[PDB]
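Protein chains in written order, with the authors' numbering: chain B, 5 to 200; chain B', 5 to 200; chain A, 4 to 200; chain A', 4 to 200. A prime marks a further copy of an entry chain.
Below is one structure, written out as structure tokens; the observations come after it.
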Amino acid sequence: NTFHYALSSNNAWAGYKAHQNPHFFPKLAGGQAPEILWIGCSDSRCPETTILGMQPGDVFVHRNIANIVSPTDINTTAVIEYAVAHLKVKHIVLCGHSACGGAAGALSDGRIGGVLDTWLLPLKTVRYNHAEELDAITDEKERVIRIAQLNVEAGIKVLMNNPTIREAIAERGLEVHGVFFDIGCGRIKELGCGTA
Amino acid sequence: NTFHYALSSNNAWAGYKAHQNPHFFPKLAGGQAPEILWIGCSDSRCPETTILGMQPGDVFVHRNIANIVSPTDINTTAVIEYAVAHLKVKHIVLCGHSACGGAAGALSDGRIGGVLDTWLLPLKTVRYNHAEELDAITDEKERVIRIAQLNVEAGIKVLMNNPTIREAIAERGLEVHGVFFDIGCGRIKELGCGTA
Amino acid sequence: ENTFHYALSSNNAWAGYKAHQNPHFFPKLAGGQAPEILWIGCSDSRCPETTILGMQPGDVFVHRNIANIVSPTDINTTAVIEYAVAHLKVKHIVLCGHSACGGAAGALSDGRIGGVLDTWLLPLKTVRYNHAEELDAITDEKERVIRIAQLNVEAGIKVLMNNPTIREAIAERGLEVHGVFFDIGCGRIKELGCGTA
Amino acid sequence: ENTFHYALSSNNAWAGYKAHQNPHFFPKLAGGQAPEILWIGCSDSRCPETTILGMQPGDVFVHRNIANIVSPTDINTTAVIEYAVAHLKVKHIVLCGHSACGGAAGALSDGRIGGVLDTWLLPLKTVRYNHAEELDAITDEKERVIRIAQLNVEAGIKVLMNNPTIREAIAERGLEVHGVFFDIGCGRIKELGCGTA
Ligand SMILES: [Cl-]
Ligand SMILES: [Cl-]
Ligand SMILES: [Zn+2]
Ligand SMILES: [Zn+2]
Ligand SMILES: [Zn+2]
Ligand SMILES: [Zn+2]
């Protein structure tokens with residue numbers, strides 16, 4: 005039902021866009037030259053290209069549960085290697101957000117079940133290493149926001165230790181940014197962690 | 005530079021949206037109820053929410069190199085488990101597309117280097133098992149398109165063998181769809197593989 | 004802590020004995036390694052490659068996981084394979100399945116094993132689905148588990164044979180790949196007839 | 004194929020010998036397993052857990068990878084841990100690092116090792132970066148490799164101690180976790196003083 009609506013809406017968007025610019029799709033099929041790799045949360049409220057007000061073809065993206073960057077995870081590392089070594093993107097944006105379900109999960113003391121407890125483990129590690137600080141926050145939603153920000157900082161550290169990324173910094177001046185999307189106001193701010 | 009422009013454009017989009025609907029962001033921060041899990045390629049030309057002409061909050065998404073669904077990959081499986089067992093999405097859309105870089109990579113005979121040769125291995129396996137058919141296509145771009153379609157079919161098979169997914173089919177009537185986004189015309193079509 | 008401390012004690016005893024037998028055994032061990040076999044097997048306590056092959060420390064390079072599963076995108080296994088084939092230049096890759104495999108039995112049952120295990124065993128569950136007719140027709144439970152474990156070895160061999168490092172090393176060095184089966188009841192290892200030749 | 008066929012031959016000889024020593028050894032082995040130790044170690048050919056601990060097939064459940072690295076999201080290792088702790092109810096988890104570790108040395112060099120290996124070794128490279136002062140001050144290369152391998156054991160222990168299954172099993176069953184180091188030169192295993200107690 006909603007799937008068939010999504011198909012209808014795709015055809016509508018494509019038709020309107022094809023009238024707007026008869027050369028838009030033919031140039032799009034020609035290739036891509038995105039300048040940003042976006043790594044974010046799978047959350048439905050975080051479509052990178054919409055919330056940044058940009059166009060198809062300029063944001064190369066990876067999205068997972070709680071925007072977690074893990075050192076040995078091959079899924080994410082493939083996206084990073086292709087983006088940095090092949091597409092030569094100039095910016096890497098690791099984005100956390102408010103009301104993150106994975107963050108909230110890591111703050112909980114229960115088994116979420118299945119694969120998720122293992123996937124969220126580096127966030128739980130972030131929980132344990134800042135437990136003093138997180139527990140001191142009386143407001144639950146601000147606690148979820150805080151652990152999401154700390155998760156961004158950690159993910160940035162991992163990114164700054166990625167060899168493909170550091171080669172690109174050293175030779176091309178690749179930039180890395182940790183940002184936070186606040187859904188309540190719809191704004192994205194810098195957390196102050198990254199290349200400079 | 006383009007990063008700072010992306011921030012400006014985010015603030016602009018947020019401002020305009022906040023005038024359009026003063027309750028949009030406050031309800032967004034309230035929670036999510038997406039009805040679709042979208043699994044697609046990291047390609048910058050494939051932002052799911054734009055090409056489907058939808059809004060932030062209704063498409064839960066995972067994106068990787070060449071939209072590959074691997075049986076033991078925990079990154080993807082976390083997104084699937086959270087989407088199906090916790091968000092209770094009603095549709096899963098595995099989307100391949102034309103001019104896929106990973107597909108083209110799998111069609112090549114060279115080492116792409118780093119982690120990518122290992123990540124694309126299930127696509128290379130698709131290459132080998134349909135080598136007769138793929139080699140018979142004289143046009144390179146149509147060969148890339150074909151292997152991308154076959155990759156979608158394979159990923160669907162894996163999805164249909166995921167336990168979390170099949171439980172949801174058996175008890176909730178979860179639907180699974182394999183689709184293909186043709187960048188040249190901007191349209192998404194069904195490949196005819198999935199639940200029904 | 005008792006059994007662990009016993010393990011340390013037995014280590015010290017084994018080291019004392021090995022060192023009296025050959026005073027140059029350990030210094031030569033510490034010099035480097037030149038194993039000729041990469042062993043990929045099940046984590047099963049009953050399957051220690053170096054003991055059952057009656058060989059010595061320094062000649063078998065090994066990776067072991069649940070139900071000896073070789074997955075295409077698994078970075079853990081691929082690292083061991085890459086290091087073994089491209090750095091140590093091993094001449095043989097042995098994928099060894101075995102009888103009474105718990106992971107195999109888990110794949111044959113229809114209940115949730117829980118945690119991460121259903122996902123790890125998913126490619127074995129996939130082998131289950133594609134041979135359901137053959138597997139279900141087997142009246143003996145132990146022979147059904149043995150059979151699904153052997154089919155698992157065959158599948159893993161196919162994956163290894165599609166690995167780029169392995170495939171190149173076959174093409175230029177004559178790297179060999181073998182699918183074998185360790186039958187615990189008789190303690191013997193047989194070839195399954197799948198691999199390089 | 005010679006060395007592989009020799010391995011099959013030696014297996015048959017070992018099985019013949021083990022079967023004459025104890026005619027009930029193999030049938031009892033085939034009945035099931037009750038290992039009390041989960042061993043996590045390096046794939047290194049010089050580190051076969053069951054030999055160096057001087058124990059028998061059926062009492063050590065093992066996972067082995069490059070440089071014995073325990074990564075939080077690695078599903079391969081987590082499967083072995085889950086099966087060992089929640090199904091077999093092992094009482095001890097032994098993370099064993101060793102001397103002359105190739106992965107350790109790889110992490111200490113600054114060149115690309117190539118393929119998947121830089122990514123797998125990334126958490127060891129991370130340990131390198133955080134202890135660069137200590138590691139660089141070591142004049143002896145072999146003691147630098149040993150040191151980074153020990154720090155790697157310590158880090159892996161921290162990860163194991165944050166694992167939910169391990170943590171629960173500690174809380175209710177008194178599961179124990181030990182960080183150890185196998186020094187190949189003398190063939191002895193020592194405790195690093197990191198773990199449950
Ligand atoms: Cl053959
Ligand atoms: Cl202690
Ligand atoms: Zn989130
Ligand atoms: Zn693509
Ligand atoms: Zn087994
Ligand atoms: Zn080692």
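Every residue gets a Cβ at the ideal spot worked out from N, C-alpha and C, and that includes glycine.
- Contacts with chain B (Cβ-Cβ distance below 7 Å) from the segment 65-93 of chain A involve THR76 and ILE78, listed in chain order.
- Residue side-chain check: B:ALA158 keeps its Cβ at 7 Å or more from all non-hydrogen atoms of ligand 2.
- Of all residues in the segment 122-153 of chain B, only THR122 and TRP123 place a beta-carbon less than 7 Å from a beta-carbon of chain B'.
- Relative to ligand 4, the beta carbon of B:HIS90 is positioned no closer than 7 Å to any heavy atom.
- Among the bridge pairs identified by DSSP, B':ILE169 is matched with none.
- Secondary structure of B':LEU138 (DSSP, three-state): helix.
- Residue pairing from DSSP places A':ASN68 in a beta bridge opposite A':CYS45.
- Distances between the C-beta of A:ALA200 and the heavy atoms of ligand 1 include at least one below 7 Å.
- Setting aside the 5 residues that flank it on each side, B':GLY61 is surrounded in the same chain by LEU32, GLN36 and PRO38, each with a C-beta closer than 7 Å to its C-beta; the list follows chain order.
- What B:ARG115 touches in chain A', judged by beta-carbon distance under 7 Å, is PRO167, going in chain order.
- Going by C-alpha positions, B:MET164 is about 17 Å away from A':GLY114.
- A:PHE184 is not a Cβ neighbour of A:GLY57, given a cutoff of 8 Å.
- A:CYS189 has a beta carbon lying within less than 8 Å of a beta carbon in chain A'.
- In the three-state DSSP reduction, A:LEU11 falls in the helix class (H, G or I).
- Its chain contains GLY100, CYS104 and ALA107 as the residues whose beta carbon lies nearer than 6 Å to that of A':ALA152, once the 5 sequence neighbours on both sides are disregarded; these appear in chain order.
- Straight across, the Cα-Cα distance linking B:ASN68 with B':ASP47 is about 15 Å.
- Residues of chain B whose Cβ lies closer than 9 Å to the Cβ of A:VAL119 are, in chain order, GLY118, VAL119, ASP121 and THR122.
- Around the beta carbon of A':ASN5, a 10 Å sphere encloses fewer than 16 other beta carbons of the protein chains shown; the residue is thus reported as exposed.
- At a cut-off of 8 Å, the C-beta of B:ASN15 has a neighbouring C-beta in chain B'.
- Taking a beta-carbon distance threshold of 8 Å, A':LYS21 counts as an interface residue toward chain A.
- Relative to ligand 3, the beta carbon of B:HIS101 is positioned inside 7 Å of a heavy atom.
- Contact annotation, B:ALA172 with B':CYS189: C-beta distance approximately 35 Å; criterion of less than 8 Å not satisfied.
- Distance from the CA of B':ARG147 to the CA of B':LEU138, rounded to the nearest whole angstrom, comes to 6 Å.
- For A:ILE78, the enclosing alpha helix (DSSP H) has its first and last residue at 78-89.
- In the structure shown, A:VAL162 adopts helical secondary structure according to DSSP, grouped into three states.
- Residue state for A':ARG115 is assigned as coil, using DSSP reduced to three classes.
- Secondary structure at B':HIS27: coil, using DSSP grouped into helix, strand and coil.
- For B':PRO26, none of the residues of chain B pass the 8 Å Cβ criterion, the least Cβ distance being about 12 Å.
- For the 8 Å CB-CB criterion, A':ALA200 and A':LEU127 do not form a contact.
- When DSSP states are grouped into helix, strand and coil, B':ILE151 belongs to the helix group.
- Beta-bridge analysis with DSSP links A':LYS21 to no other residue.
- The closest CA to that of A':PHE28, considering only A:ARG131, A:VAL119, A:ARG191 and A:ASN155, is found on A:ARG191.
- Taking the Cβ of B:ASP47 as the reference point, at least one heavy atom of ligand 3 falls within a distance shorter than 7 Å.
- Placement of the Cβ of B:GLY34 at a distance of 7 Å or more from every heavy atom of ligand 4 is found.
- Cβ atoms of B':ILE96 and B':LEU178 come within 8 Å of each other, at about 7 Å.
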